[PDB]
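Below: one structure, written as structure tokens.
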Amino acid sequence: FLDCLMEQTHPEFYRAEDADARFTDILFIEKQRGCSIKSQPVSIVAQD
Amino acid sequence: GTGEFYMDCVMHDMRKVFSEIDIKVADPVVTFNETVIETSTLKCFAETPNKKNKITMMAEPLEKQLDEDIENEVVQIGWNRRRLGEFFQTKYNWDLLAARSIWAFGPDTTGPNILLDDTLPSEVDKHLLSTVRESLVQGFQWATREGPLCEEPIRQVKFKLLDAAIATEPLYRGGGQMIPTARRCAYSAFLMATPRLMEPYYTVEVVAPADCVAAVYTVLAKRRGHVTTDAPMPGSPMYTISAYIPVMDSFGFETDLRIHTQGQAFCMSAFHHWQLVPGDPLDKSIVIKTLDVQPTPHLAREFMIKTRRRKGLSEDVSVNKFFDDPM
Amino acid sequence: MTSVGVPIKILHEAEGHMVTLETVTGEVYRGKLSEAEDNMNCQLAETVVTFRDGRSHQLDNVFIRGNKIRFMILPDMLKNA
Amino acid sequence: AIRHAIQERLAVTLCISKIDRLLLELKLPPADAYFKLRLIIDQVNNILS
Amino acid sequence: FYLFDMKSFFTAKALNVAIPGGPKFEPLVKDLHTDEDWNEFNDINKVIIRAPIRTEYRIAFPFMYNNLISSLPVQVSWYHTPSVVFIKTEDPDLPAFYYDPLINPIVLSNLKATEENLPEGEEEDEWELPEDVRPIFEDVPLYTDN
RNA sequence: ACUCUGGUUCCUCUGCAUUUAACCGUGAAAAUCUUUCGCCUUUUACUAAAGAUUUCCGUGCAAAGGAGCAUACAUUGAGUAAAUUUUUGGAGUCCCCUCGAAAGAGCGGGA
Ligand SMILES: Nc1nc2c(ncn2[C@@H]2O[C@H](COP(=O)(O)OP(=O)(O)OP(=O)(O)O)[C@@H](O)[C@H]2O)c(=O)[nH]1
Ligand SMILES: [Mg+2]
């Protein structure tokens, strides 16, 4: 879900057509395990 | 750590992120706790080394879920004595006179044990007893931190102080006299109260389709766990099976479950409660020959003894090292 | 929403900041713009009113009707939105 | 997560995610999808109450 | 493919163990048998054993259950994927969207129904939607034969 | 109002496809070197693992040129088309006191 907010606020943010980007799973073990292991913050400006 | 997958990540970071050295890893275990399942039959006294003061204590099983309330800070020993006393008399229906007389939680300010002052003020004056109060609390917290069976923390014991001869003058009631002696009194009350071990239990939620339910019980049965609810997931084909399993028997539970179901089952596990290890840990009729997994009545004897071997303690509790014989 | 001109959009982003506005009768109100509207009705919290003689008062809330506002001073950072 | 949030005195709010799984995997008729969504909201409010 | 996937075969090869039905390789480290050290850290008298740490668990959690993993190229497998629940339709005559009887009914016996704060009273029942407003795909059929 | 271009399909050249968790390749070869295992009276051809490099069958995109087919000017980068309370169809004008040569200005006052 955060991948969508990233994609909306970052024009160059790439989501694969067939795999989740998981921008906030920044650790390589989170990339490999496929689950979020540690919390990652993301500050963005967004319009209501 | 909290579970298998937690340690796998903690150790991964130890290997690949932080330490970059070879580490031996032991087989996983759990910390046990110690409890008494019965009311202390004798009342147990401990004379201070100077042979002047005479502490007396008893031990009891602590009533259901009061330890969860203490540990979750639903009640706090730092509250004002009316508010503190109000909690015990309102929620647990305690006598108001008892509720005034709590002296500590232990082994820390949120620990699952209570010390009470059951000393009636005719037998010793409340002021003199108040002079040694802080030493008695500190030896009780020492006792409950180590505990007499296998030096694992005591839990869910209600210790009542109920008598105290105390010397008239400070040099005969010093902290170094009282603090070791309250430990010996707590330990003698403990070992009279029918001691037992406690192990932590997970609560397991399994989501699996209908045909995998018989596998779930089969994998639980090998690990002493049991199913407490088996309900369909609404608007789904899967079912939800809820179960308690010992943490000590949960290592590889998730892996066993997924393999015997081809990953059609998956499960997740959280700590839920402390429950007695079965059997009597002090039963010397049981010998722990290490050839095989012990049958379930011997577990308390095994877990105690091997925890003593691990910690570098003597093989067996010399229970009479604390008691007086005509106690 | 449906499109509306940039000045009104910027006014909605001026919400929550301090603003100053002068009314057609000349009084200057400084306050925190708690609400704006597409007709630029304004609710100011925490308001200070300044009369043309230079006296002043605090006012806890003010609603000013949109077609009675002469101009506003928005905050500076809104030039980046 | 809901209970721990209330204990920590956080404002609990709800997103019912992965709603495509009703359409595409479960294939519930739209009427039965509404009941599935409603029950999730009911389950959550059962916790809050 | 839990424990029968590419990463679990890599971990098995690295640990010099074999999955039942997996491939078997020449030992990557030739002398991992040297755990016959008789040191007290491994002492069978001190360890409590409940279910034996069989090699599936060594592969499933490579780092909690193994030594030397800085020199061994052990690999994490993907932990879990939320199980897909698509049931194949048997009958072409069924609607594309139908409540399959393998899906459990949407009920729970003891939930309170949530309070629906619907608009009420005489002025509010008269609220009408304009005559052109219409669902966003009203004339499209919900499903086709495709 | 300015300059900017015909669609398609194919050929060929050039450049780029390293911050790899992972993937130019949802497939999968061969060699060399170094090392360690097994064959063995030697070498070749080998066993089967590691590490480092190569070759080979392939891949993507951009850009340029050409070659065939049937044929269309728009359109990209730069930039077009509401008199009834909250803005764009008038609550507008005029007249005294004050400072000041001079013309404005007061929540000034009056029709
Ligand atoms: N059908 C469907 N699947 C989704 C959707 N969003 C995510 N998923 C899938 O669900 C899985 C989990 O997605 P994640 O984004 O990793 O969810 P997550 O909660 O952050 O996982 P953790 O943080 O580790 O608990 C992946 O396999 C996703 O492909 C969705 O919107 N619809
Ligand atoms: Mg020769």
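Going by the structure tokens order, chains are called A, B, ..., each with residues numbered from 1, while ligands are numbered from 1 in the order shown.
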
Contacts of residue C:51 within 10 Å, only C-alpha atoms (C1' of nucleotides), excl. fewer than 5 positions in-chain, as a VMD selection string: (chain C and resid 22 25 to 29 56 to 57) or (chain F and resid 107)

Within 12 Å of chain A: each chain E residue with its shortest pair, only C-alpha atoms, as a Markdown table:
```
| residue | atom | partner | partner_atom | distance |
| --- | --- | --- | --- | --- |
| E:7 | CA | A:32 | CA | 9.8 |
| E:60 | CA | A:33 | CA | 11.3 |
| E:61 | CA | A:33 | CA | 11.1 |
| E:75 | CA | A:32 | CA | 8.8 |
| E:76 | CA | A:32 | CA | 6.5 |
| E:77 | CA | A:33 | CA | 6.2 |
| E:78 | CA | A:33 | CA | 4.4 |
| E:79 | CA | A:33 | CA | 5.1 |
| E:80 | CA | A:34 | CA | 7.5 |
| E:81 | CA | A:34 | CA | 8.2 |
| E:82 | CA | A:35 | CA | 11.1 |
```

What residues in chain B have any atom no more than 7 Å from chain E when counting only C-alpha atoms, and can you write them as a JSON list (two decimals) with N, CA and C atoms, in the first residue's frame?
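Generated output (iface-v7.json):
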```json
[["chain", "number", "residue", "atom", "x", "y", "z"],
["B", 7, "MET", "N", 14.81, -15.06, 15.91],
["B", 7, "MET", "CA", 16.20, -15.47, 16.08],
["B", 7, "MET", "C", 16.90, -15.67, 14.75],
["B", 8, "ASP", "N", 16.19, -16.20, 13.76],
["B", 8, "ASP", "CA", 16.80, -16.38, 12.45],
["B", 8, "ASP", "C", 17.26, -15.06, 11.87],
["B", 11, "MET", "N", 20.19, -13.65, 14.24],
["B", 11, "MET", "CA", 21.43, -14.33, 13.92],
["B", 11, "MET", "C", 21.93, -14.00, 12.52],
["B", 12, "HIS", "N", 21.03, -13.84, 11.54],
["B", 12, "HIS", "CA", 21.47, -13.39, 10.22],
["B", 12, "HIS", "C", 22.22, -12.07, 10.31],
["B", 15, "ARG", "N", 25.55, -12.69, 11.75],
["B", 15, "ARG", "CA", 26.49, -13.25, 10.79],
["B", 15, "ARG", "C", 26.89, -12.25, 9.72],
["B", 16, "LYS", "N", 25.92, -11.64, 9.04],
["B", 16, "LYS", "CA", 26.19, -10.93, 7.81],
["B", 16, "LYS", "C", 26.29, -9.43, 7.94],
["B", 20, "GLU", "N", 30.61, -10.76, 11.70],
["B", 20, "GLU", "CA", 31.57, -11.24, 10.71],
["B", 20, "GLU", "C", 32.62, -12.19, 11.30],
["B", 21, "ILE", "N", 32.25, -12.96, 12.33],
["B", 21, "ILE", "CA", 33.07, -14.00, 12.92],
["B", 21, "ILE", "C", 32.23, -15.27, 12.99],
["B", 22, "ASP", "N", 32.90, -16.41, 13.17],
["B", 22, "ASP", "CA", 32.21, -17.67, 13.38],
["B", 22, "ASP", "C", 31.69, -17.76, 14.80],
["B", 23, "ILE", "N", 30.42, -18.13, 14.94],
["B", 23, "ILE", "CA", 29.75, -18.23, 16.23],
["B", 23, "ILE", "C", 29.15, -19.62, 16.33],
["B", 24, "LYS", "N", 29.37, -20.30, 17.45],
["B", 24, "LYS", "CA", 28.58, -21.47, 17.79],
["B", 24, "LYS", "C", 27.22, -21.04, 18.29],
["B", 25, "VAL", "N", 26.17, -21.71, 17.83],
["B", 25, "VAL", "CA", 24.81, -21.49, 18.30],
["B", 25, "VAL", "C", 24.32, -22.76, 18.96],
["B", 27, "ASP", "N", 21.40, -25.26, 20.67],
["B", 27, "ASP", "CA", 20.00, -25.54, 20.38],
["B", 27, "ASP", "C", 19.12, -24.61, 21.20],
["B", 232, "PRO", "N", -14.50, -22.15, 10.86],
["B", 232, "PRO", "CA", -14.28, -21.71, 9.48],
["B", 232, "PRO", "C", -14.01, -20.22, 9.39],
["B", 233, "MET", "N", -13.12, -19.85, 8.48],
["B", 233, "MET", "CA", -12.97, -18.44, 8.16],
["B", 233, "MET", "C", -14.17, -18.01, 7.33],
["B", 234, "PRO", "N", -14.97, -17.04, 7.78],
["B", 234, "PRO", "CA", -16.17, -16.70, 7.01],
["B", 234, "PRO", "C", -15.82, -16.08, 5.68],
["B", 235, "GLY", "N", -16.62, -16.41, 4.68],
["B", 235, "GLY", "CA", -16.38, -15.94, 3.33],
["B", 235, "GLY", "C", -15.09, -16.42, 2.73],
["B", 236, "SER", "N", -14.61, -17.58, 3.14],
["B", 236, "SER", "CA", -13.34, -18.12, 2.68],
["B", 236, "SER", "C", -13.49, -19.63, 2.68],
["B", 237, "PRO", "N", -12.67, -20.35, 1.92],
["B", 237, "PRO", "CA", -12.64, -21.81, 2.10],
["B", 237, "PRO", "C", -11.78, -22.28, 3.25],
["B", 249, "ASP", "N", 8.35, -26.96, 23.09],
["B", 249, "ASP", "CA", 8.05, -27.94, 22.05],
["B", 249, "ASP", "C", 7.64, -27.32, 20.73],
["B", 252, "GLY", "N", 10.45, -25.93, 15.38],
["B", 252, "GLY", "CA", 10.10, -26.77, 14.26],
["B", 252, "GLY", "C", 8.64, -27.08, 14.12],
["B", 255, "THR", "N", 7.50, -25.61, 10.80],
["B", 255, "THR", "CA", 8.07, -26.35, 9.69],
["B", 255, "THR", "C", 7.41, -27.71, 9.52],
["B", 262, "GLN", "N", 1.94, -29.50, 2.86],
["B", 262, "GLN", "CA", 2.46, -28.89, 1.65],
["B", 262, "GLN", "C", 2.25, -27.39, 1.62],
["B", 263, "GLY", "N", 2.49, -26.73, 2.74],
["B", 263, "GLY", "CA", 2.28, -25.32, 2.81],
["B", 263, "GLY", "C", 0.85, -24.86, 2.71],
["B", 290, "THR", "N", 19.92, -40.16, 29.75],
["B", 290, "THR", "CA", 19.74, -39.25, 28.62],
["B", 290, "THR", "C", 19.51, -39.96, 27.29],
["B", 293, "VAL", "N", 13.87, -39.20, 24.76],
["B", 293, "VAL", "CA", 12.94, -38.16, 25.20],
["B", 293, "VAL", "C", 12.16, -38.72, 26.38],
["B", 306, "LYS", "N", 18.66, -30.65, 34.12],
["B", 306, "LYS", "CA", 19.52, -30.19, 33.04],
["B", 306, "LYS", "C", 19.74, -28.69, 33.07],
["B", 309, "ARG", "N", 22.57, -28.55, 35.46],
["B", 309, "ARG", "CA", 23.80, -28.90, 34.76],
["B", 309, "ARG", "C", 24.28, -27.78, 33.86],
["B", 310, "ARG", "N", 23.36, -27.14, 33.14],
["B", 310, "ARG", "CA", 23.74, -26.02, 32.28],
["B", 310, "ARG", "C", 24.34, -24.89, 33.10]]
```

Out of chain A, which residues get alpha helix (DSSP H) from DSSP, as JSON, numbers by chain? {"A": [2, 3, 4, 5, 6, 7, 8, 9, 28, 29, 30, 31, 32, 33]}

Could you write those residues out with N, CA, C and O atoms, as a PDB file, in the first residue's frame?
```pdb
ATOM      1  N   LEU A   2       1.921   1.239   0.785  1.00  0.00           N
ATOM      2  CA  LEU A   2       2.880   2.332   0.763  1.00  0.00           C
ATOM      3  C   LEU A   2       3.572   2.470  -0.585  1.00  0.00           C
ATOM      4  O   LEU A   2       3.940   3.578  -0.979  1.00  0.00           O
ATOM      5  N   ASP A   3       3.779   1.363  -1.297  1.00  0.00           N
ATOM      6  CA  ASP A   3       4.222   1.420  -2.687  1.00  0.00           C
ATOM      7  C   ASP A   3       3.349   2.279  -3.580  1.00  0.00           C
ATOM      8  O   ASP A   3       3.857   2.908  -4.507  1.00  0.00           O
ATOM      9  N   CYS A   4       2.044   2.337  -3.333  1.00  0.00           N
ATOM     10  CA  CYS A   4       1.203   3.198  -4.154  1.00  0.00           C
ATOM     11  C   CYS A   4       1.428   4.664  -3.831  1.00  0.00           C
ATOM     12  O   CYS A   4       1.510   5.494  -4.738  1.00  0.00           O
ATOM     13  N   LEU A   5       1.517   5.004  -2.550  1.00  0.00           N
ATOM     14  CA  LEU A   5       1.798   6.382  -2.175  1.00  0.00           C
ATOM     15  C   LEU A   5       3.165   6.828  -2.660  1.00  0.00           C
ATOM     16  O   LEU A   5       3.333   7.969  -3.100  1.00  0.00           O
ATOM     17  N   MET A   6       4.160   5.951  -2.571  1.00  0.00           N
ATOM     18  CA  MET A   6       5.453   6.229  -3.180  1.00  0.00           C
ATOM     19  C   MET A   6       5.329   6.479  -4.673  1.00  0.00           C
ATOM     20  O   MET A   6       5.924   7.418  -5.202  1.00  0.00           O
ATOM     21  N   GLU A   7       4.587   5.635  -5.375  1.00  0.00           N
ATOM     22  CA  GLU A   7       4.457   5.791  -6.819  1.00  0.00           C
ATOM     23  C   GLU A   7       3.779   7.099  -7.182  1.00  0.00           C
ATOM     24  O   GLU A   7       4.097   7.705  -8.209  1.00  0.00           O
ATOM     25  N   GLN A   8       2.826   7.537  -6.373  1.00  0.00           N
ATOM     26  CA  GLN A   8       2.115   8.777  -6.654  1.00  0.00           C
ATOM     27  C   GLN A   8       2.977  10.002  -6.393  1.00  0.00           C
ATOM     28  O   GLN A   8       2.929  10.967  -7.158  1.00  0.00           O
ATOM     29  N   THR A   9       3.786   9.976  -5.340  1.00  0.00           N
ATOM     30  CA  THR A   9       4.592  11.126  -4.960  1.00  0.00           C
ATOM     31  C   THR A   9       5.948  11.168  -5.639  1.00  0.00           C
ATOM     32  O   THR A   9       6.574  12.227  -5.629  1.00  0.00           O
ATOM     33  N   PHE A  28      18.111  -6.065   2.827  1.00  0.00           N
ATOM     34  CA  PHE A  28      18.190  -7.171   1.884  1.00  0.00           C
ATOM     35  C   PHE A  28      17.578  -8.452   2.426  1.00  0.00           C
ATOM     36  O   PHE A  28      17.071  -9.256   1.643  1.00  0.00           O
ATOM     37  N   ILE A  29      17.614  -8.685   3.737  1.00  0.00           N
ATOM     38  CA  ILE A  29      16.860  -9.819   4.257  1.00  0.00           C
ATOM     39  C   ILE A  29      15.364  -9.631   4.088  1.00  0.00           C
ATOM     40  O   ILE A  29      14.639 -10.605   3.883  1.00  0.00           O
ATOM     41  N   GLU A  30      14.863  -8.404   4.159  1.00  0.00           N
ATOM     42  CA  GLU A  30      13.450  -8.196   3.876  1.00  0.00           C
ATOM     43  C   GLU A  30      13.145  -8.422   2.410  1.00  0.00           C
ATOM     44  O   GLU A  30      12.063  -8.903   2.067  1.00  0.00           O
ATOM     45  N   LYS A  31      14.070  -8.063   1.528  1.00  0.00           N
ATOM     46  CA  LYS A  31      13.911  -8.390   0.117  1.00  0.00           C
ATOM     47  C   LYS A  31      13.813  -9.890  -0.095  1.00  0.00           C
ATOM     48  O   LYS A  31      12.986 -10.364  -0.875  1.00  0.00           O
ATOM     49  N   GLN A  32      14.661 -10.649   0.587  1.00  0.00           N
ATOM     50  CA  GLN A  32      14.751 -12.087   0.379  1.00  0.00           C
ATOM     51  C   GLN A  32      13.627 -12.828   1.085  1.00  0.00           C
ATOM     52  O   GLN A  32      12.977 -13.688   0.490  1.00  0.00           O
ATOM     53  N   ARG A  33      13.386 -12.514   2.353  1.00  0.00           N
ATOM     54  CA  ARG A  33      12.289 -13.142   3.066  1.00  0.00           C
ATOM     55  C   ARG A  33      10.929 -12.738   2.546  1.00  0.00           C
ATOM     56  O   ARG A  33       9.950 -13.431   2.824  1.00  0.00           O
TER      57      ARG A  33
END
```

May I have the residues within 7 Å of ligand 1, computed using only C-alpha atoms (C1' of nucleotides) and all ligand atoms, as a VMD selection string? (chain A and resid 1 19 to 20 22 34 to 37) or (chain D and resid 17 to 21) or (chain E and resid 81 to 82)

Selection above as a file: C-alpha atoms, as a PDB file, in the first residue's frame:
```
ATOM      1  CA  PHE A   1       0.000   0.000   0.000  1.00  0.00           C
ATOM      2  CA  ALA A  19       6.285  -8.219  -8.236  1.00  0.00           C
ATOM      3  CA  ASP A  20       5.835  -5.813  -5.368  1.00  0.00           C
ATOM      4  CA  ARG A  22       8.322  -2.842  -1.417  1.00  0.00           C
ATOM      5  CA  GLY A  34       9.539 -11.259   1.316  1.00  0.00           C
ATOM      6  CA  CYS A  35       8.215  -9.872   4.612  1.00  0.00           C
ATOM      7  CA  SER A  36       8.758  -6.606   6.435  1.00  0.00           C
ATOM      8  CA  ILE A  37      11.058  -7.277   9.377  1.00  0.00           C
TER       9      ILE A  37
ATOM     10  CA  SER D  17      -7.009  -4.092   1.925  1.00  0.00           C
ATOM     11  CA  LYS D  18      -6.706  -6.540  -0.942  1.00  0.00           C
ATOM     12  CA  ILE D  19     -10.367  -6.208  -1.951  1.00  0.00           C
ATOM     13  CA  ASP D  20      -9.508  -7.631  -5.386  1.00  0.00           C
ATOM     14  CA  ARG D  21      -9.258 -11.010  -3.686  1.00  0.00           C
TER      15      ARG D  21
ATOM     16  CA  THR E  81       2.997 -16.137   0.315  1.00  0.00           C
ATOM     17  CA  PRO E  82      -0.684 -15.704   1.296  1.00  0.00           C
TER      18      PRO E  82
END
```

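Straight-line separation from atom CA of residue C:13 to atom CA of residue C:39: 14.7 Å.
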
For residue B:267: contacts at 8 Å, only C-alpha atoms (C1' of nucleotides), fewer than 4 positions along chain excluded, given as a VMD selection string: chain B and resid 204 to 207 254 257

Point-to-point distance in Å for atom CA of residue B:124 and atom CA of residue B:38: 27.8 Å

Considering only C-alpha atoms, extract the chain C residues located within 12 Å of chain A and return them as a PyMOL selection string. chain C and resi 1+9+12-13+80-81

Selection from above, N, CA and C atoms, as a PDB file, in the first residue's frame, can you write it?
```pdb
ATOM      1  N   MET C   1     -11.250  17.431  -6.512  1.00  0.00           N
ATOM      2  CA  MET C   1     -12.443  18.243  -6.882  1.00  0.00           C
ATOM      3  C   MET C   1     -12.345  18.755  -8.320  1.00  0.00           C
ATOM      4  N   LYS C   9      -6.795  27.685  -4.581  1.00  0.00           N
ATOM      5  CA  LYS C   9      -6.036  26.529  -4.113  1.00  0.00           C
ATOM      6  C   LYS C   9      -4.953  26.929  -3.128  1.00  0.00           C
ATOM      7  N   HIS C  12      -6.425  27.593   0.221  1.00  0.00           N
ATOM      8  CA  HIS C  12      -6.639  26.387   1.010  1.00  0.00           C
ATOM      9  C   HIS C  12      -5.350  25.836   1.588  1.00  0.00           C
ATOM     10  N   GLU C  13      -4.214  26.045   0.929  1.00  0.00           N
ATOM     11  CA  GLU C  13      -2.949  25.670   1.545  1.00  0.00           C
ATOM     12  C   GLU C  13      -2.460  26.694   2.547  1.00  0.00           C
ATOM     13  N   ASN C  80       6.150  27.300  -2.835  1.00  0.00           N
ATOM     14  CA  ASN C  80       6.778  26.050  -3.225  1.00  0.00           C
ATOM     15  C   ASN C  80       5.812  24.899  -3.441  1.00  0.00           C
ATOM     16  N   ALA C  81       4.509  25.096  -3.286  1.00  0.00           N
ATOM     17  CA  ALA C  81       3.588  23.963  -3.242  1.00  0.00           C
ATOM     18  C   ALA C  81       3.329  23.360  -4.624  1.00  0.00           C
TER      19      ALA C  81
END
```

Within 8 Å of chain E, which residues belong to chain D? Use only C-alpha atoms and report them as a PyMOL selection string. chain D and resi 23-29+32+35-36+39+41-43+45-46

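In this structure, the chain B residues at most 10 Å away from chain A are residues 5, 6, 9, 12 and 13 of chain B, with only C-alpha atoms considered.
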
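Counting only C-alpha atoms (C1' of nucleotides), residue D:44 has the following residues at most 9 Å away, ignoring those fewer than 5 positions along the same chain: residues 2, 14, 39 and 49 of chain D.
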
Now that the selection is made, can you save its residues with N, CA, C and O atoms as an mmCIF file, in the first residue's frame?
```cif
data_model
loop_
_atom_site.group_PDB
_atom_site.id
_atom_site.type_symbol
_atom_site.label_atom_id
_atom_site.label_comp_id
_atom_site.auth_asym_id
_atom_site.auth_seq_id
_atom_site.Cartn_x
_atom_site.Cartn_y
_atom_site.Cartn_z
ATOM 1 N N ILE D 2 -4.674 -3.882 16.978
ATOM 2 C CA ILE D 2 -5.737 -2.976 17.399
ATOM 3 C C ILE D 2 -5.694 -2.758 18.903
ATOM 4 O O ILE D 2 -5.799 -1.626 19.382
ATOM 5 N N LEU D 14 -9.118 2.184 9.980
ATOM 6 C CA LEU D 14 -9.173 0.894 9.304
ATOM 7 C C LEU D 14 -9.092 1.055 7.806
ATOM 8 O O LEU D 14 -9.755 1.913 7.235
ATOM 9 N N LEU D 39 -18.723 -7.656 7.554
ATOM 10 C CA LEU D 39 -18.336 -8.490 8.681
ATOM 11 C C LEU D 39 -16.951 -8.156 9.185
ATOM 12 O O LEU D 39 -16.687 -8.293 10.377
ATOM 13 N N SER D 49 -15.052 -2.480 21.176
ATOM 14 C CA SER D 49 -16.076 -2.445 22.209
ATOM 15 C C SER D 49 -15.721 -3.285 23.418
ATOM 16 O O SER D 49 -16.505 -3.332 24.368
#
```

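What separates atom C1' of residue F:62 from atom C1' of residue F:74 is a distance of 27.2 Å.
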
With only C-alpha atoms (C1' of nucleotides) considered, list every residue of chain E at most 7 Å from chain F, as a ChimeraX atom specification. /E:26-28

Using only C-alpha atoms (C1' of nucleotides), determine which residues lie at most 12 Å from residue D:4, disregarding the query and same-chain residues fewer than 5 positions distant; provide the list as a list in words. residues 72 of chain B; 9, 10, 11, 12, 47 and 48 of chain D

Those residues you just picked out, can you put them in a file as a PDB file, in the first residue's frame with N, CA, C and O atoms?
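The new file out_0.pdb reads:
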```pdb
ATOM      1  N   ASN B  72       1.435  -6.501  33.419  1.00  0.00           N
ATOM      2  CA  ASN B  72       0.943  -5.504  32.477  1.00  0.00           C
ATOM      3  C   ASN B  72       0.743  -4.131  33.109  1.00  0.00           C
ATOM      4  O   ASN B  72       0.223  -3.234  32.443  1.00  0.00           O
TER       5      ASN B  72
ATOM      6  N   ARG D   9      -3.045   4.370  23.351  1.00  0.00           N
ATOM      7  CA  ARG D   9      -3.871   5.553  23.139  1.00  0.00           C
ATOM      8  C   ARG D   9      -3.653   6.190  21.771  1.00  0.00           C
ATOM      9  O   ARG D   9      -3.630   7.407  21.630  1.00  0.00           O
ATOM     10  N   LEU D  10      -3.512   5.348  20.755  1.00  0.00           N
ATOM     11  CA  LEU D  10      -3.493   5.758  19.361  1.00  0.00           C
ATOM     12  C   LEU D  10      -4.905   5.764  18.790  1.00  0.00           C
ATOM     13  O   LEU D  10      -5.734   4.931  19.148  1.00  0.00           O
ATOM     14  N   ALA D  11      -5.175   6.707  17.889  1.00  0.00           N
ATOM     15  CA  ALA D  11      -6.399   6.717  17.088  1.00  0.00           C
ATOM     16  C   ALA D  11      -6.425   5.559  16.100  1.00  0.00           C
ATOM     17  O   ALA D  11      -5.687   5.563  15.117  1.00  0.00           O
ATOM     18  N   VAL D  12      -7.306   4.590  16.325  1.00  0.00           N
ATOM     19  CA  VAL D  12      -7.427   3.437  15.441  1.00  0.00           C
ATOM     20  C   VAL D  12      -8.300   3.795  14.256  1.00  0.00           C
ATOM     21  O   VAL D  12      -9.382   4.366  14.417  1.00  0.00           O
ATOM     22  N   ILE D  47     -13.706  -5.727  18.660  1.00  0.00           N
ATOM     23  CA  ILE D  47     -12.511  -5.511  19.466  1.00  0.00           C
ATOM     24  C   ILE D  47     -12.608  -4.188  20.205  1.00  0.00           C
ATOM     25  O   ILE D  47     -12.386  -4.135  21.413  1.00  0.00           O
ATOM     26  N   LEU D  48     -12.909  -3.104  19.496  1.00  0.00           N
ATOM     27  CA  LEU D  48     -12.961  -1.789  20.125  1.00  0.00           C
ATOM     28  C   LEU D  48     -13.965  -1.730  21.264  1.00  0.00           C
ATOM     29  O   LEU D  48     -13.773  -0.967  22.212  1.00  0.00           O
TER      30      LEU D  48
END
```
